[PDB]
Amino acid sequence: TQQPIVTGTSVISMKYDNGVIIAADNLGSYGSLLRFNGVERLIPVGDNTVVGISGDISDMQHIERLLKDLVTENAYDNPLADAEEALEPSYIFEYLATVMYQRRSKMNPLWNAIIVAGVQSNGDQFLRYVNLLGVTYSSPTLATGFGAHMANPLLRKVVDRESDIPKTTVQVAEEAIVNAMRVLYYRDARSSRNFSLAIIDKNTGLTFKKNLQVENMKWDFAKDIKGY
Amino acid sequence: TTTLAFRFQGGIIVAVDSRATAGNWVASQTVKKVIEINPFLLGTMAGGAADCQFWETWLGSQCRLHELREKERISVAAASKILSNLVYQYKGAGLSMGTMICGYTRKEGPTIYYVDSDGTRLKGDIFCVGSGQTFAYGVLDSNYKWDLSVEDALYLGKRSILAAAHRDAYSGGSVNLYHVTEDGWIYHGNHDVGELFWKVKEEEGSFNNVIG
Amino acid sequence: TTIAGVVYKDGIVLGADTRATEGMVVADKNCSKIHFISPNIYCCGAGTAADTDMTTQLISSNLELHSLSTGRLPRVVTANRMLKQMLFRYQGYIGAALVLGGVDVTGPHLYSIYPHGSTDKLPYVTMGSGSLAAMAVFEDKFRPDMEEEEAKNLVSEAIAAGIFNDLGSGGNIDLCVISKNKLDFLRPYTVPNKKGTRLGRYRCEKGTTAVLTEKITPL
Amino acid sequence: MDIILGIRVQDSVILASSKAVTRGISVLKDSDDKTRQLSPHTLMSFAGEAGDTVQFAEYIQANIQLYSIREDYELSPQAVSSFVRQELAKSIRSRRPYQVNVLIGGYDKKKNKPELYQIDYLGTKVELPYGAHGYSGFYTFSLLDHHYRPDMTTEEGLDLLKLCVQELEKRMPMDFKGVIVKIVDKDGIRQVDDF
Amino acid sequence: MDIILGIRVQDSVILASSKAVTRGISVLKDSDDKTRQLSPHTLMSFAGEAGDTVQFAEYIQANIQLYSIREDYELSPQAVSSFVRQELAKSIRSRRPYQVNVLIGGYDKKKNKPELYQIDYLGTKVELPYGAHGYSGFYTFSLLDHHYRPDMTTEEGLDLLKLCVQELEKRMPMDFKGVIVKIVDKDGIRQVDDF
Amino acid sequence: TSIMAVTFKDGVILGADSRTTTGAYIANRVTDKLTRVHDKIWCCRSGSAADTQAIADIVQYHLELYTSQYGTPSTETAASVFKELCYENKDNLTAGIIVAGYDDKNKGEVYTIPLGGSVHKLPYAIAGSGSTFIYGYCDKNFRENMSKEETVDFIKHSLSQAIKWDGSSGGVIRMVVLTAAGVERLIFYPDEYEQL
Amino acid sequence: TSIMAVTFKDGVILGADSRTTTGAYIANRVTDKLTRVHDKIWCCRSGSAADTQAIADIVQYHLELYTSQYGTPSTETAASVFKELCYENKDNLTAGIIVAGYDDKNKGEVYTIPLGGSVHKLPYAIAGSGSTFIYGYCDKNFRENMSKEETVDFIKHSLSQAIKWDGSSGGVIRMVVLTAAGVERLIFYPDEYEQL
Amino acid sequence: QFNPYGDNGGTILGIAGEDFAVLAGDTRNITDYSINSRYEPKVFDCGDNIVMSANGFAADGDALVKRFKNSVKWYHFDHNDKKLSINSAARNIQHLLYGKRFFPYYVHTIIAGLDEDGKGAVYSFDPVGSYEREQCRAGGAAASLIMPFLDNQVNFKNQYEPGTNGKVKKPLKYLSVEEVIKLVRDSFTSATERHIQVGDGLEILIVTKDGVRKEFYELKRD
Amino acid sequence: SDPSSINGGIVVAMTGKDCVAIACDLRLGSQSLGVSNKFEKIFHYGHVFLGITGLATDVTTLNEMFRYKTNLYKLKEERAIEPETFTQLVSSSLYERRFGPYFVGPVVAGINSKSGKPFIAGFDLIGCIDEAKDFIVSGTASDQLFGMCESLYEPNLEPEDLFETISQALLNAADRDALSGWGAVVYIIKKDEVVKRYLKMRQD
Ligand SMILES: *[C@@H](CS(C)(=O)=O)[C@H](Cc1ccc(CN)cc1)NC(=O)[C@H](CO)NC(=O)[C@H](CC(C)C)NC(=O)[C@H](Cc1ccccc1)N=[N+]=[N-]
Ligand SMILES: *[C@@H](CS(C)(=O)=O)[C@H](Cc1ccc(CN)cc1)NC(=O)[C@H](CO)NC(=O)[C@H](CC(C)C)NC(=O)[C@H](Cc1ccccc1)N=[N+]=[N-]
Ligand SMILES: [Mg+2]
Ligand SMILES: [Mg+2]
Ligand SMILES: [Mg+2]
Ligand SMILES: [Mg+2]
Ligand SMILES: [Mg+2]
């Protein structure tokens, strides 16, 4: 048993026709204090998987080292480490899910919520969630913490069920994700303007975008507010 | 839950209700609260459903290993003490167990041992265990004697569960009857309280607190 | 519960879902949550349901007496004050969470009132368990000075977000459009879910139940 | 306090009440009468919190006796039971509630019928053929379910009651020092001295 | 459990132990023997936490019987009491202590003297002319202070004990269902059947 | 919340952010924490929204009734009425209020009233959860008798930093200028202040 | 406690106050919170004195044994050893450490390690109870590639303000300068810094 | 303080016919008032014609299913590819559950299949391993809503022969797979109407001697 | 010590074609101990029927209170109170005790004598009105009743059919609850006749 000290807020994600998108802001909060403004919470594993992490940042950094160490270990005695025997999203997730549930079962959890986004060998989209309790689930859209309440409603209007995934292009999906990140910046007190986004496509591969910003911000209506 | 077992002229009667509860939620009315350990040994289940079912099933395995090792039927005294010494090891961990180990051997004759999760182990002629034990004791004590026939003893055990099934909210469903003699145990049916109550009311002229 | 309101060009559009719950159980699927305060002022209600009904009824009664005495239509600011001051005095124990909307001599006004007696005066608000789902829709698509049918659609869309994504909310969508020239009380505005069709007829035939005694008395 | 029982038969209501008054590890008295006559044909037994019991009983007794003098008339058992219930139902939401459970045995002279009412400290009233308060009921109710008939005589009722006291003396953890038995019928209230 | 008494007279130690085993609102048994013979001239009565009591008694019994077989010799009452004390004194600082209080009545054949030892669950040992565990002592000790003489016979000791049981049956709150009485003297251990 | 009031040559300016939260949810991103208790006596509100709103309303009522009988109240008098409510109801209130007003005799005045209901007259005052982060900055950068433009910049830079570090603060920076000329309302949006 | 470390053109400077308290009693007014773990790798200590002293001693031992086998450790390596101790014993430690060192390849480097045992490489870092009051100031006044004299002034002015507002901070301002030239110890007394 | 348990909602239902058995479950997964997924299956084919669901805390449910699936695998390895009968599976699951008696799996487990005589079988377990064979069993959040309906329609509880004065009960009988699926679908639509945690979709696994078949139906998404 | 589940009990009401039904069990207990099998939970004031579940002292008190209030009503108004009006009176009376409530679950049932319309309603302990076209449920087996009613109920049932539906709803719900049962009463209510039937049910 501990308590989380330095923290990261929402990680959001969705599927689209050819792959998956995942995003998270670059803030490390220290309670109400917006302490660290340059924290990367999307951590790529190979060229087919991105693991987005929220919650305790010290525990995130521990998980980052476990993944880095997983890549090293897979390469050992593996001539097909960059081909047929490369790490899959499903392998990386199952490992983390095993760890998370083991740690909760020893009453010493890793204080995080994690989304593993990627594309598999056969072109299938992979998107799955795991948290500090070892609870796992998949859905066309996934979001952690605050994003579950505000991002999912918006993202589900683009992909409401499985059959909407082939109908959704990468442009429509990325717009929705960037739009959701704006809404979260208005309304989440422990969020920031600066964020990272990662697309994993079956054709174009892994695109990792840094130093994005929320823009097109509606504040004009604020001048007309007089008292309560 | 209401479980009873008593000793008389022609052996041992064992009777139990069949209701399982999770608070006020009636989870089942077709539950087995008697465990058949061997042709000469029965175990009753009160308290925690899992704790009783598990450790009394395990008891049957330990009784089997005794008769393989020793080429002889385990005594009721020894069988009951395996269970009592087991629960005593788990004492303070929160096991919930109120049980009766009933059986016959040539050595000791018909014998009943009460065993519970806080370590108590008692030999005796009459026992009632469960949330409805008091209701069963009331009918059983006031109509009991060694004299009793096998027909009357089976009925009294049936009737004593019915009494508790009526008054106790957590007892009911049906009555499972067992008769234990020198030759072994004999099952004497599953009697639904739904029908049994009205039949006993009509034929006996009792339960006048009831509209019907 | 998902309740919401917006200030549009000509006036106010209020919105609400229709699910009433008893813990995890739905007690009423088509329950009305938009309450009458005065002819030009209505009030959506969330939180403790009895507190919401009794607080809006009391302030509606007192405003009726106020309006009979003064001989003029009541204002939203007085509805706001009377609700506010009462709720403050009871220090949060009256669990009424209201979206108050109406149209005065001074134009359209929209308030959110909280149980402890704080109010915010805003161009759009959402309350209840589905407020975050609904607020996401408003932050996505709201702009000032919308036309009527557009504002209707935005509120409806915001309530829908609550219905589908929040488990506490459900059922139909009720709207209330308030302007200087009219009041449109739309119940239901939309039926987003059809009632589930049952495949079998489980109703028992006559004589099936076992009766003891019978008594007939005429009136 | 502790044990109070009641049985309504054909022509009378019988109340049995334990004699012990225990405080701590000492039985202070073994002859305590846990009953008050409310009117000539109405008797109330009581059990519960020390002090509260007698204070409540005597308060009810004064009020019924006042009514009797004012109207030169005896209130029915039903009427007395409803008055008592209401006093307890008021009490339960007071600053300090009466923690007293009662049985009211009465003979209604207008109906020529015995009546037994069980009322708990919350003000929960029921009319019953037989009643009990506290742990006593857990043994007696099932016993009476079996052996009770609605047409019994006062003698049959007393034997049925002996059966209850015997069962309580066998299975109850505490020594309650026996019971005082009282009969309420058409001729009023009398105490059985040899029980 | 509950009542265990002991009286040492001129030529014997007498132990009296209550027969009731109560759990909740039910007296499960009224014939329970709360004693184990440790050796031919040593008897131990016990009271305390359910399960713990018999488990501890039988464990001590096994150990003394093992000693007897090994050395072909009977340990003195003093020696047995010191062994028992130490086992309890170890136990009190265990993860789960034995919650068992004991009396040990023995006849030392080398000294030709009766001996009575009172030991509580902490391992507090005293040799006494008369002893009690639990609430029993609060009535009996003062009574025995008055009526006990060191030169009494076994018959006088039994009458003195009847006086104690009578006082407990009058003033104790719980029904303990009488006592089993056992005498330890030069000829060993025997049970009085009519008490 | 990050609020402040600053006296200068021509009078006094009040400043505030526009964020109200329930835990980490922003219930209102466009809040007005600068409230009028008289024509030229205003206050900045911090603490419980319900408490500060109820207090400000009572004070406005008191000063309206004062004006009816005795004419324009002094800024000191307004602060005394706030204090009286805050002090006597300290056990039931979470209110940190800065009171700021313009007299023609006394010019600009600032009174701060922390949680206990004590009163402190100061050249400038900062309050709210975000104030902690700007004590160092404000002490180093405040000068007496600044101009209007300098004081606007001092408040804008200060609340900019308070907002940057405090999660409970944000949205727009509202200001109210109190001078002999009258009452001026200023607003500054994120796209301006964030990149200061 | 008010501590900080700041990178500049020629390397890095560490700074700290000298106050240790038990509640409101000052147990030591001349404390040294800047401690050597290697020739040119130093740390600033905040939190429990006993915890930070025990950690620093273990790290100094680790780096001495590293040096015996593999030569001079990098500043990153020193920070990693601190992190490893802080992270794995998070439940039993109250330690907020800033690690600062000078390499010739990497120049000046600052790593901060807050309560959870996370690591953050930064251009400059502030920590301790007094740091809260200077976030605004330090963010406004820090520039990259400052001179030695500018960086000394930046630390002196910053800790001056942290000391002024924080009761848990005070005494002297100690500094340690880490450059290619060597190790320099600086001290600044109240009579100088208070009137800045 | 850290709480190691959570509640993921959902509800499950098992019915047994003469030569078949069904095990149904809704596909909605929740925490508090939020939906995690509209399609997250929790009824699984475990091999040897055994279907299983462990409803409650989904982390414990997945762990248990995972361990039992692995238990089937090792049963084949250790006993010459012998088929694990439903009664042997049940007893094995008791030991899995009771092994964590003092740190339970927060779930209600149900398994379905065919017994060794080819007849339909359903077994249900409490969180610590008390088990029983039954005809009917609903588990999870809406069990209390569904179960009394099942008693009335499957077991004809409380119902008597018309004109018989409540003297002759209704004769029980076996239901066809068509009839059973009607009851499952209607049980879940009723539960969806009145319980907030139940909805989105219904997945039924049907077990005959020919193997394991699936059917899927939409449920209300509000 | 949860006041609404000490004594136990249930009430259910339904509407049909030009009729209404209201039913209740007969148990009164003290936690596990069954005390009375004659404790009816349905009362009437003229043609308006009121069922009350929950703490039995409050059930009795509220009956006595509404008898009082409807008697005075009838004397002053010179007519019997109608279901819609009575429903409002129940709500007002319960909310009067907002911070010290009666621990009850009342259910109104009846036919408006002017309009001929069947009317049912339910309340929480604090007065919130729940109106319904179809059915209202209350008591310790309310979950069970909700499930039974939602699957068995259909609109516009004839009085004889509606009797079978409501009885089967109550009986099967009561048998899945430890604290409910011990006998049952059903009231079938038409425009100018009321039929009261006692049901045979299992007595455990
Ligand atoms: C009556 C005993 S009583 C009321 O006097 O305590 C029965 C005896 C009994 C029932 C069933 C069997 C064999 N199948 C043997 C004896 N006891 C019960 O009904 C107990 C009440 O204590 N019920 C249970 O143990 C139930 C059984 C379920 C089938 C309903 N289970 C539980 O209570 C557990 C508790 C639990 C454990 C871990 C985590 C969460 C909850 N499940 N639940 N709820
Ligand atoms: C949604 C608000 S929410 C879930 O987002 O907080 C509705 C709002 C609402 C519905 C209906 C009306 C009617 N005009 C007005 C507003 N609120 C509810 O559904 C609440 C949930 O909190 N439900 C209730 O308050 C129910 C009323 C039902 C009978 C219909 N009452 C209870 O649940 C009471 C509450 C209570 C009050 C005091 C003390 C204890 C419990 N529970 N009970 N009993
Ligand atoms: Mg029962
Ligand atoms: Mg307050
Ligand atoms: Mg901010
Ligand atoms: Mg639903
Ligand atoms: Mg029942």
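All ligand and atom numbering here is 1-based and tracks the order in the structure. Every chain is numbered from 1 and lettered A, B, ... according to where its sequence line falls, protein lines coming before strand lines.
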Take the Mg ion (ligand 3) and tell me which protein N, O or S atoms are nearer than 2.8 Å.
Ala165(B) O, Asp168(B) O, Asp204(I) O

Rounded to the nearest 0.5 Å, what separates atom [atom1] in [X] from atom [atom2] in [Y]?
X         : Y         : atom1 : atom2 : answer
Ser187(H) : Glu150(I) : OG    : CD    : 12.0 Å
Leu145(H) : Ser190(H) : CG    : OG    : 8.5 Å
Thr2(C)   : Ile163(C) : OG1   : CD1   : 6.5 Å

With a 4.0 angstrom cut-off on heavy atoms, strictly below it, pick out the residues next to ligand 1 and order them by chain and number.
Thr1(B), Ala20(B), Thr21(B), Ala27(B), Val31(B), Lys32(B), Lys33(B), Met45(B), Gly47(B), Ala49(B), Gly130(B), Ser131(B), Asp126(H), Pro127(H), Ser130(H)

Those residues at least two apart in sequence (or on a different chain) that pass salt bridge (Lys or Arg N to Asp or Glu O under 4.0 Å) with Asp177(I) are none

What residues, two or more places apart in sequence or in another chain, satisfy ring-ring contact (aromatic ring centres under 6.0 Å, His included) together with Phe164(C)?
none

Basic-acidic side-chain contact under 4.0 Å: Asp192(B), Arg202(I):
yes

Side chain to side chain contact (heavy atoms under 4.5 Å, CB included) with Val115(B): which of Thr99(B), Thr120(B), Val129(B)?
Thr99(B)

Output field for angle at the Mg ion (ligand 6), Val198(H).O vs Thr192(H).O, rounded to 10°, should show 90°

Honestly, is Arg104(A) close enough over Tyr5(H), meaning NZ or CZ under 6.0 Å from the six-membered ring centre and within 45° of the axis?
yes

Is there a side chain to side chain contact (heavy atoms under 4.5 Å, CB included) between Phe216(H) and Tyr39(H) once you walk through the steps?
CA-CA 11 Å; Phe216(H) 179 79; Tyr39(H) 184 76; 3.9 Å; yes

Can you establish whether the number of heavy atoms outside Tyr98(H) located under 6.0 Å from its atom OH is more than 12?
yes

